[PDB]
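A quick write-up on the structure given underneath.
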Amino acid sequence: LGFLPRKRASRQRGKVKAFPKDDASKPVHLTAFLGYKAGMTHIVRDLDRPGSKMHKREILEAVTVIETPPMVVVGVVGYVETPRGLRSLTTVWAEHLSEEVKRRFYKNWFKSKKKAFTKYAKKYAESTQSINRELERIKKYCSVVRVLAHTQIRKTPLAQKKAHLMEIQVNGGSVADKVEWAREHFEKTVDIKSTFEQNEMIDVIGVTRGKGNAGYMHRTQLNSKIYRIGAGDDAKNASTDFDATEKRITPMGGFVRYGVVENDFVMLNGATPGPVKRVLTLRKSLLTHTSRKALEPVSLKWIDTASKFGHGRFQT
Amino acid sequence: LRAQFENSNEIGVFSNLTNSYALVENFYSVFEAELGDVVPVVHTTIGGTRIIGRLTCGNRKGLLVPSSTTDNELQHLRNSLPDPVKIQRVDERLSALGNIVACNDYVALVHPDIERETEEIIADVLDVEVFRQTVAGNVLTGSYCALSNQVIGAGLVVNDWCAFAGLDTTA
Amino acid sequence: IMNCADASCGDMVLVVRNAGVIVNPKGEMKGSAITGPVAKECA
Amino acid sequence: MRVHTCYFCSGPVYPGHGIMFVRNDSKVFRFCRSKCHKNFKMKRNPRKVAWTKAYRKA
RNA sequence: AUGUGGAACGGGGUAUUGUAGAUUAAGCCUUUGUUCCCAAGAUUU
RNA sequence: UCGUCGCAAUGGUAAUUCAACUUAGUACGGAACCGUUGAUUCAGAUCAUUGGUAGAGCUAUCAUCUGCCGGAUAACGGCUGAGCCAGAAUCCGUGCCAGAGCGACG
């Protein structure tokens with residue numbers, strides 16, 4: 001069938017089969033968000049919509065929290081279009097690296113002599129002309145620019161300190177515009193909240209939650225309704241129009257098996273494949289949907305911050 | 001006037017035509033067009049119970065709108081309703097006041113089982129005596145009686161001087 | 001969950017909401033009587 | 001903006017969370033938590049239930 | 001594979017049942033707390 | 001040699017039906033286009049809430065969310081007078097699932 005045969009995704013990150021259709025007319029931006037499937041909450045969204053049956057009805061549905069905020073944007077990777085497919089013309093990151101990125105590039109970072117990009121960083125810093133020449137070649141030859149972007153696994157609260165690198169292509173913008181955006185975002189921390197507000201239907205993807213002797217299969221939640229960005233660092237993660245009072249998206253006393261996300265989440269009204277702390281692959285829709293229901297935003301009135309583990313109703 | 005409204009006639013039930021109000025989408029707009037200009041057709045939704053002549057009776061002044069209307073709905077109705085339009089929250093046995101109380105300025109006759117508090121609520125606030133009475137056997141008077149200042153009430157929005165009926169209201 | 005008793009709100013489709021009103025079942029008055037009709041909107 | 005108060009637990013029942021003992025008459029005896037939900041189903045007196053607020057009030 | 005080092009507990013918080021108490025994360029959180037140990041060896045390129 | 005990030009040859013594939021309202025009591029007793037609101041079946045996910053299981057976890061068409069647009073066509077109707085156009089739940093693609101041959105980088 002479509003999803004059949006069943007096969008758990010070996011890669012923790014939900015490698016996107018496709019990406020949103022880039023267009024040079026649109027500003028140089030991204031079309032992905034590195035979620036982490038933090039948890040869920042009954043974010044009551046008052047669906048203020050005349051004609052609809054659930055007019056102004058608070059939709060107390062699961063706001064599937066997915067930790068997604070500042071993710072280390074290292075550099076860019078060239079991608080030239082070839083008669084045999086899409087070939088990576090080059091891969092030029094920024095001079096500045098991170099221990100999490102180095103840990104990701106290896107498997108025994110502490111055991112290893114931290115040689116990851118040792119001379120490469122020196123070449124990037126000292127031989128900047130060579131980096132510029134390669135960048136100039138990338139801008140003049142590569143058809144697409146895959147903006148390299150790691151994660152904040154070591155930065156945000158997580159046992160894994162291997163930054164989830166993602167070759168997020170520059171969604172839109174010309175070759176010069178994509179290079180300039182990559183240069184601006186060189187050695188930066190791409191914030192998922194900055195990329196998108198997560199206040200409407202999204203194209204979140206990623207592996208499912210490993211049940212046992214299945215799950216953990218790469219999926220793509222089409223038209224995944226996103227309630228709001230669950231900023232775990234901010235006390236107002238679950239604070240909404242009616243709830244407010246600096247409510248925390250995590251359950252009172254910490255979410256089950258995920259606690260409180262050290263950074264912003266991608267809390268989405270509905271389901272999201274993946275267990276607690278399992279890295280998600282939220283992204284923009286490849287196609288376009290001008291549906292009135294999708295266009296109309298459901299006003300998030302209240303939310304749920306109950307100490308679900310235990311007294312599933314004790315919000316405070 | 002047999003105002004065409006979807007399939008069920010139910011103009012009075014949907015729109016409880018008060019004395020100086022009408023408590024009202026085309027049928028509601030039609031009620032707002034003719035009756036609403038003189039007798040303010042306040043589009044009552046009562047938290048989904050849009051039927052006004054089923055829950056929200058009362059002559060304009062202190063029209064006994066159902067207390068079943070949500071806190072936002074009751075506040076929005078009360079705020080929109082002026083002093084001669086006030087939506088008094090019917091919380092007594094005539095919680096279905098629109099069907100229960102026979103909204104009419106002279107007498108807002110309440111349901112036979114409607115409590116005296118609801119009877120006095122329309123009597124005092126709405127300036128329309130809600131006499132607890134079963135209109136032609138049917139306990140809820142406002143549903144059976146198309147009461148006017150001068151289920152017929154469910155099927156006919158009877159204002160102070162108007163009696164606008166439903167789509168296929170029985171002639 | 002139409003369980004609060006007394007189809008959709010009021011509607012029974014041959015339920016009070018959620019609520020299930022009363023059921024005539026084998027022939028019992030509860031559902032069939034419906035408060036003897038009349039009253040509110042059944043007059 | 002007031003929420004239904006727990007009949008079993010004498011403390012404002014959370015929306016959806018907890019339970020309300022809705023009988024045929026829709027008593028809707030609200031409950032502050034799952035423990036109160038069992039108390040709500042049994043219609044336990046909030047004054048009797050020590051965890052309930054009414055016990056402290058009494 | 002010498003430091004948010006992790007691992008353990010000591011826990012706290014957290015709740016459950018329950019009439020406050022104990023378990024108190026176990027797939028509840030979390031620790032300015034404590035100690036332990038640390039490529040340590042073995043093995044393949 | 002190890003590791004990271006990717007390419008996509010190829011294989012599979014998915015959505016389905018109905019009701020109501022607006023059109024409109026109009027066109028001509030009574031429609032249809034469009035739009036809107038919802039339901040049926042099926043598929044993929046999730047456990048915030050509710051139920052079950054002895055708080056947690058698991059789980060429920062007992063709970064919730066999600067489930068498209070391009071090309072080429074058949075019948076058939078047109079254009080000039082073969083070559084083109086319009087045209088189906090059909091077919092091939094977009095998308096989704098798996099990744100055998102390969103790319104870039106340390």
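Ordering of the structure tokens sets the chain letters (A, B, ...), residue numbers begin anew at 1 in every chain, and ligands are numbered from 1 in the order given.
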If you take only C-alpha atoms (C1' of nucleotides) and a cut-off of 9 Å, which residues of chain D touch chain F, and what are their nearest atom pairs and distances in Å to one decimal, in chain and number order, as JSON lines?
```
{"residue": "D:15", "atom": "CA", "partner": "F:49", "partner_atom": "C1'", "distance": 8.4}
{"residue": "D:16", "atom": "CA", "partner": "F:49", "partner_atom": "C1'", "distance": 5.4}
{"residue": "D:17", "atom": "CA", "partner": "F:49", "partner_atom": "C1'", "distance": 5.8}
{"residue": "D:18", "atom": "CA", "partner": "F:49", "partner_atom": "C1'", "distance": 8.8}
{"residue": "D:19", "atom": "CA", "partner": "F:50", "partner_atom": "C1'", "distance": 8.3}
```
> Which residues of chain B are close to chain D, meaning at most 10 Å apart when you count only C-alpha atoms, and how do they look as a list in words?
Replying inline: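 Contact residues on the first chain: residues 70, 71 and 72 of chain B.
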Store the residues picked out above, limited to N, CA, C and O atoms, as an mmCIF file, in the first residue's frame.
```
data_model
loop_
_atom_site.group_PDB
_atom_site.id
_atom_site.type_symbol
_atom_site.label_atom_id
_atom_site.label_comp_id
_atom_site.auth_asym_id
_atom_site.auth_seq_id
_atom_site.Cartn_x
_atom_site.Cartn_y
_atom_site.Cartn_z
ATOM 1 N N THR B 70 -24.668 31.347 27.335
ATOM 2 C CA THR B 70 -23.329 31.283 27.900
ATOM 3 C C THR B 70 -22.924 32.630 28.491
ATOM 4 O O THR B 70 -23.515 33.673 28.197
ATOM 5 N N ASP B 71 -21.897 32.593 29.344
ATOM 6 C CA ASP B 71 -21.417 33.811 29.988
ATOM 7 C C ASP B 71 -21.030 34.862 28.957
ATOM 8 O O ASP B 71 -21.372 36.041 29.102
ATOM 9 N N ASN B 72 -20.316 34.454 27.908
ATOM 10 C CA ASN B 72 -20.038 35.368 26.806
ATOM 11 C C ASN B 72 -21.320 35.741 26.071
ATOM 12 O O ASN B 72 -21.539 36.912 25.742
#
```
What's the 12 Å shell around stretch 116-129 of chain A, counting only C-alpha atoms (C1' of nucleotides), without same-chain residues fewer than 2 positions away, as a PDB file with N, CA and C atoms (P, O5', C5', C4', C3', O3' and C1' of nucleotides), in the first residue's frame?
```pdb
ATOM      1  N   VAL A  74      24.667  26.195  10.633  1.00  0.00           N
ATOM      2  CA  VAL A  74      26.110  26.263  10.416  1.00  0.00           C
ATOM      3  C   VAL A  74      26.427  26.976   9.108  1.00  0.00           C
ATOM      4  N   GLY A  75      25.997  26.405   7.988  1.00  0.00           N
ATOM      5  CA  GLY A  75      26.319  26.981   6.697  1.00  0.00           C
ATOM      6  C   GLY A  75      25.390  26.555   5.581  1.00  0.00           C
ATOM      7  N   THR A  91      29.909  21.788  -0.267  1.00  0.00           N
ATOM      8  CA  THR A  91      29.363  21.881   1.086  1.00  0.00           C
ATOM      9  C   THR A  91      30.303  22.771   1.894  1.00  0.00           C
ATOM     10  N   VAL A  92      29.959  24.052   2.000  1.00  0.00           N
ATOM     11  CA  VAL A  92      30.783  25.041   2.686  1.00  0.00           C
ATOM     12  C   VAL A  92      29.988  25.570   3.872  1.00  0.00           C
ATOM     13  N   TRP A  93      30.365  25.145   5.074  1.00  0.00           N
ATOM     14  CA  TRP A  93      29.750  25.637   6.296  1.00  0.00           C
ATOM     15  C   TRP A  93      30.481  26.898   6.755  1.00  0.00           C
ATOM     16  N   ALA A  94      30.166  27.372   7.955  1.00  0.00           N
ATOM     17  CA  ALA A  94      30.838  28.534   8.514  1.00  0.00           C
ATOM     18  C   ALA A  94      32.085  28.112   9.285  1.00  0.00           C
ATOM     19  N   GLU A  95      32.962  29.089   9.530  1.00  0.00           N
ATOM     20  CA  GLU A  95      34.191  28.813  10.267  1.00  0.00           C
ATOM     21  C   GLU A  95      33.895  28.368  11.694  1.00  0.00           C
ATOM     22  N   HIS A  96      32.939  29.020  12.350  1.00  0.00           N
ATOM     23  CA  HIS A  96      32.592  28.681  13.723  1.00  0.00           C
ATOM     24  C   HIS A  96      31.778  27.393  13.760  1.00  0.00           C
ATOM     25  N   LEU A  97      32.164  26.483  14.645  1.00  0.00           N
ATOM     26  CA  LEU A  97      31.470  25.219  14.852  1.00  0.00           C
ATOM     27  C   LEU A  97      31.021  25.119  16.307  1.00  0.00           C
ATOM     28  N   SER A  98      30.468  23.962  16.660  1.00  0.00           N
ATOM     29  CA  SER A  98      29.984  23.719  18.010  1.00  0.00           C
ATOM     30  C   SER A  98      30.391  22.322  18.452  1.00  0.00           C
ATOM     31  N   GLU A  99      30.480  22.145  19.772  1.00  0.00           N
ATOM     32  CA  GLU A  99      30.787  20.830  20.322  1.00  0.00           C
ATOM     33  C   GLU A  99      29.691  19.827  19.989  1.00  0.00           C
ATOM     34  N   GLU A 100      28.430  20.265  20.035  1.00  0.00           N
ATOM     35  CA  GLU A 100      27.329  19.388  19.654  1.00  0.00           C
ATOM     36  C   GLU A 100      27.434  18.978  18.191  1.00  0.00           C
ATOM     37  N   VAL A 101      27.773  19.925  17.315  1.00  0.00           N
ATOM     38  CA  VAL A 101      27.973  19.596  15.906  1.00  0.00           C
ATOM     39  C   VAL A 101      29.147  18.639  15.748  1.00  0.00           C
ATOM     40  N   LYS A 102      30.246  18.902  16.460  1.00  0.00           N
ATOM     41  CA  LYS A 102      31.386  17.994  16.422  1.00  0.00           C
ATOM     42  C   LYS A 102      31.018  16.628  16.988  1.00  0.00           C
ATOM     43  N   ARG A 103      30.226  16.607  18.063  1.00  0.00           N
ATOM     44  CA  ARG A 103      29.754  15.338  18.605  1.00  0.00           C
ATOM     45  C   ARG A 103      28.880  14.606  17.597  1.00  0.00           C
ATOM     46  N   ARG A 104      28.041  15.343  16.865  1.00  0.00           N
ATOM     47  CA  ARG A 104      27.233  14.725  15.820  1.00  0.00           C
ATOM     48  C   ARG A 104      28.107  14.174  14.699  1.00  0.00           C
ATOM     49  N   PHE A 105      29.145  14.916  14.310  1.00  0.00           N
ATOM     50  CA  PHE A 105      30.036  14.468  13.247  1.00  0.00           C
ATOM     51  C   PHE A 105      30.862  13.255  13.647  1.00  0.00           C
ATOM     52  N   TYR A 106      30.890  12.907  14.932  1.00  0.00           N
ATOM     53  CA  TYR A 106      31.616  11.734  15.393  1.00  0.00           C
ATOM     54  C   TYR A 106      30.698  10.833  16.204  1.00  0.00           C
ATOM     55  N   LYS A 107      31.273   9.830  16.857  1.00  0.00           N
ATOM     56  CA  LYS A 107      30.520   8.962  17.749  1.00  0.00           C
ATOM     57  C   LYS A 107      31.095   8.870  19.158  1.00  0.00           C
ATOM     58  N   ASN A 108      32.326   9.322  19.392  1.00  0.00           N
ATOM     59  CA  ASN A 108      32.988   9.261  20.695  1.00  0.00           C
ATOM     60  C   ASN A 108      33.707  10.570  20.984  1.00  0.00           C
ATOM     61  N   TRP A 109      32.979  11.682  20.838  1.00  0.00           N
ATOM     62  CA  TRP A 109      33.518  13.036  20.957  1.00  0.00           C
ATOM     63  C   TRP A 109      34.453  13.192  22.145  1.00  0.00           C
ATOM     64  N   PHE A 110      34.033  12.703  23.311  1.00  0.00           N
ATOM     65  CA  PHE A 110      34.888  12.773  24.491  1.00  0.00           C
ATOM     66  C   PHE A 110      36.117  11.876  24.346  1.00  0.00           C
ATOM     67  N   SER A 112      37.300  10.905  21.408  1.00  0.00           N
ATOM     68  CA  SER A 112      37.996  11.438  20.254  1.00  0.00           C
ATOM     69  C   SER A 112      38.797  12.673  20.647  1.00  0.00           C
ATOM     70  N   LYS A 113      39.794  12.991  19.826  1.00  0.00           N
ATOM     71  CA  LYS A 113      40.660  14.136  20.060  1.00  0.00           C
ATOM     72  C   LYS A 113      40.054  15.439  19.554  1.00  0.00           C
ATOM     73  N   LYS A 114      38.739  15.467  19.331  1.00  0.00           N
ATOM     74  CA  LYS A 114      38.033  16.662  18.867  1.00  0.00           C
ATOM     75  C   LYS A 114      38.652  17.212  17.584  1.00  0.00           C
ATOM     76  N   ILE A 131      37.486  29.663   0.713  1.00  0.00           N
ATOM     77  CA  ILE A 131      36.078  29.518   1.068  1.00  0.00           C
ATOM     78  C   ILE A 131      35.219  30.433   0.205  1.00  0.00           C
ATOM     79  N   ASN A 132      35.671  31.673   0.000  1.00  0.00           N
ATOM     80  CA  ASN A 132      34.940  32.593  -0.866  1.00  0.00           C
ATOM     81  C   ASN A 132      34.907  32.087  -2.304  1.00  0.00           C
ATOM     82  N   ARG A 133      36.028  31.551  -2.791  1.00  0.00           N
ATOM     83  CA  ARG A 133      36.061  31.020  -4.150  1.00  0.00           C
ATOM     84  C   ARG A 133      35.095  29.853  -4.307  1.00  0.00           C
ATOM     85  N   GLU A 134      35.065  28.949  -3.326  1.00  0.00           N
ATOM     86  CA  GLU A 134      34.096  27.859  -3.360  1.00  0.00           C
ATOM     87  C   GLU A 134      32.673  28.392  -3.258  1.00  0.00           C
ATOM     88  N   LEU A 135      32.455  29.389  -2.396  1.00  0.00           N
ATOM     89  CA  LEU A 135      31.137  30.005  -2.301  1.00  0.00           C
ATOM     90  C   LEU A 135      30.753  30.682  -3.610  1.00  0.00           C
ATOM     91  N   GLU A 136      31.707  31.366  -4.247  1.00  0.00           N
ATOM     92  CA  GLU A 136      31.435  31.975  -5.545  1.00  0.00           C
ATOM     93  C   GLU A 136      31.105  30.916  -6.588  1.00  0.00           C
ATOM     94  N   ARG A 137      31.833  29.798  -6.572  1.00  0.00           N
ATOM     95  CA  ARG A 137      31.519  28.700  -7.479  1.00  0.00           C
ATOM     96  C   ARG A 137      30.137  28.130  -7.192  1.00  0.00           C
ATOM     97  N   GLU A 187      26.805  30.392  11.091  1.00  0.00           N
ATOM     98  CA  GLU A 187      27.110  30.125  12.498  1.00  0.00           C
ATOM     99  C   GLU A 187      26.046  30.699  13.430  1.00  0.00           C
TER     100      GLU A 187
ATOM    101  P     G F   3      31.177   3.950  10.490  1.00  0.00           P
ATOM    102  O5'   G F   3      30.873   5.507  10.633  1.00  0.00           O
ATOM    103  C5'   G F   3      30.891   6.134  11.906  1.00  0.00           C
ATOM    104  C4'   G F   3      30.895   7.637  11.786  1.00  0.00           C
ATOM    105  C3'   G F   3      29.736   8.253  11.021  1.00  0.00           C
ATOM    106  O3'   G F   3      28.556   8.355  11.795  1.00  0.00           O
ATOM    107  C1'   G F   3      31.762   9.237  10.312  1.00  0.00           C
ATOM    108  P     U F   4      27.121   8.413  11.074  1.00  0.00           P
ATOM    109  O5'   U F   4      27.021   9.910  10.544  1.00  0.00           O
ATOM    110  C5'   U F   4      27.085  11.001  11.447  1.00  0.00           C
ATOM    111  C4'   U F   4      27.200  12.315  10.720  1.00  0.00           C
ATOM    112  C3'   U F   4      26.102  12.615   9.715  1.00  0.00           C
ATOM    113  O3'   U F   4      24.923  13.104  10.327  1.00  0.00           O
ATOM    114  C1'   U F   4      28.209  13.103   8.759  1.00  0.00           C
ATOM    115  P     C F 105      34.045  18.036  -1.606  1.00  0.00           P
ATOM    116  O5'   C F 105      33.876  18.114  -0.026  1.00  0.00           O
ATOM    117  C5'   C F 105      33.248  19.233   0.582  1.00  0.00           C
ATOM    118  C4'   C F 105      32.914  18.958   2.025  1.00  0.00           C
ATOM    119  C3'   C F 105      34.055  18.436   2.880  1.00  0.00           C
ATOM    120  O3'   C F 105      34.930  19.460   3.318  1.00  0.00           O
ATOM    121  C1'   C F 105      32.124  17.135   3.271  1.00  0.00           C
ATOM    122  P     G F 106      36.466  19.120   3.643  1.00  0.00           P
ATOM    123  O5'   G F 106      36.408  18.440   5.080  1.00  0.00           O
ATOM    124  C5'   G F 106      35.866  19.136   6.192  1.00  0.00           C
ATOM    125  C4'   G F 106      35.885  18.283   7.434  1.00  0.00           C
ATOM    126  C3'   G F 106      37.164  17.500   7.675  1.00  0.00           C
ATOM    127  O3'   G F 106      38.187  18.287   8.256  1.00  0.00           O
ATOM    128  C1'   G F 106      35.304  16.078   7.977  1.00  0.00           C
TER     129        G F 106
END
```
>> Just list as a PyMOL selection string whatever in chain D DSSP marks as strand (DSSP E).
In response: chain D and resi 20-21+29-30
Could you save the residues just selected, with C-alpha atoms, as a compact mmCIF listing (two decimals), in the first residue's frame?
```txt
# COMPACT_ATOMS: atom_id res chain seq x y z
CA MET D 20 -19.02 15.52 36.57
CA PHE D 21 -21.53 12.97 37.88
CA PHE D 29 -21.46 16.61 40.35
CA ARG D 30 -18.11 18.02 39.29
```
> Could you write out as a PyMOL selection string the residues of chain F within 9 Å of chain A, counting only C-alpha atoms (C1' of nucleotides)?
Replying inline: chain F and resi 3-8+12-14+36-38+43-49+55-56+64-69+94-98+103-106
Under the rule of at most 7 Å, produce a per-residue listing of chain E near chain A: chain, number, name, the closest pair of atoms, and the distance in Å, as a tab-separated table, using only C-alpha atoms (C1' of nucleotides).
```
residue	atom	partner	partner_atom	distance
E:1	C1'	A:111	CA	4.7
E:13	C1'	A:253	CA	6.9
E:14	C1'	A:253	CA	6.0
E:15	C1'	A:310	CA	4.1
E:16	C1'	A:310	CA	6.2
E:27	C1'	A:257	CA	5.8
E:28	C1'	A:256	CA	5.1
E:29	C1'	A:254	CA	4.3
```
> Which residues come within 10 Å of residue A:47, counting only C-alpha atoms (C1' of nucleotides), excluding same-chain residues fewer than 3 positions away, as a list in words?
Replying inline: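 These residues fall inside the cut-off: residues 44, 50, 52, 53, 54, 55, 56, 57, 58, 59, 296, 297, 298, 299, 300 and 301 of chain A.
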> If we count only C-alpha atoms (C1' of nucleotides), what is near stretch 132-143 of chain B at a cut-off of 9 Å, once residues fewer than 2 positions away on the same chain are taken out, given as number ranges by chain?
Replying inline: B: 12-13, 16, 53-54, 57, 94, 96-103, 108-116, 119, 130, 145-147, 151-155; C: 37-43
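You will find atom CA of residue B:79 at 11.2 Å from atom CA of residue B:42.
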> What are the residues of chain C that have an atom within 12 Å of an atom of chain D, counting only C-alpha atoms, as a ChimeraX atom specification?
Replying inline: /C:1-6,15-23,30
> Please, which residues of chain B lie no more than 12 Å from chain A when the count uses only C-alpha atoms, and can they be set out as a list in words?
Replying inline: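 Listing them in order of chain and number gives residues 25, 45, 47, 48, 49, 50, 70, 72 and 73 of chain B.
Atom pair atom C1' of residue E:37 / atom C1' of residue E:5 has a distance of 10.8 Å (rounded to one decimal).
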> Distance atom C1' of residue E:31-atom CA of residue A:156, one decimal place?
Replying inline: 17.7 Å
Taking only stretch 178-232 of chain A into account, list the residues labelled alpha helix (DSSP H) by DSSP (computed from the backbone), as a compact mmCIF listing (two decimals) with N, CA and C atoms, in the first residue's frame.
```
# COMPACT_ATOMS: atom_id res chain seq x y z
N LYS A 178 20.02 33.59 -1.74
CA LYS A 178 20.22 32.44 -0.87
C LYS A 178 21.60 32.46 -0.23
N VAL A 179 22.62 32.83 -1.00
CA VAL A 179 23.97 32.92 -0.45
C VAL A 179 24.05 34.01 0.61
N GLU A 180 23.43 35.17 0.33
CA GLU A 180 23.42 36.25 1.31
C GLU A 180 22.68 35.85 2.58
N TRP A 181 21.54 35.18 2.43
CA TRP A 181 20.81 34.71 3.61
C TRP A 181 21.64 33.69 4.38
N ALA A 182 22.32 32.79 3.67
CA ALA A 182 23.20 31.83 4.34
C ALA A 182 24.36 32.54 5.02
N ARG A 183 24.94 33.54 4.36
CA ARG A 183 26.01 34.32 4.98
C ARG A 183 25.51 35.04 6.22
N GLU A 184 24.31 35.61 6.15
CA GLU A 184 23.73 36.26 7.32
C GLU A 184 23.48 35.25 8.44
N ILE A 192 12.91 28.06 15.21
CA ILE A 192 11.69 27.57 14.57
C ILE A 192 10.55 28.56 14.78
N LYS A 193 10.51 29.21 15.95
CA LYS A 193 9.51 30.24 16.18
C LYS A 193 9.70 31.41 15.21
N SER A 194 10.95 31.79 14.96
CA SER A 194 11.21 32.83 13.96
C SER A 194 10.81 32.37 12.57
N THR A 195 11.07 31.10 12.25
CA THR A 195 10.71 30.58 10.93
C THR A 195 9.20 30.58 10.72
```
>> Neighbouring residues of stretch 37-50 of chain D were defined as those with any atom within 8 Å, considering only C-alpha atoms (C1' of nucleotides); residues of the same chain fewer than 3 positions away were excluded. Please report them as a PyMOL selection string.
In response: (chain D and resi 7-10+18-21+29-34+53-58) or (chain E and resi 19)
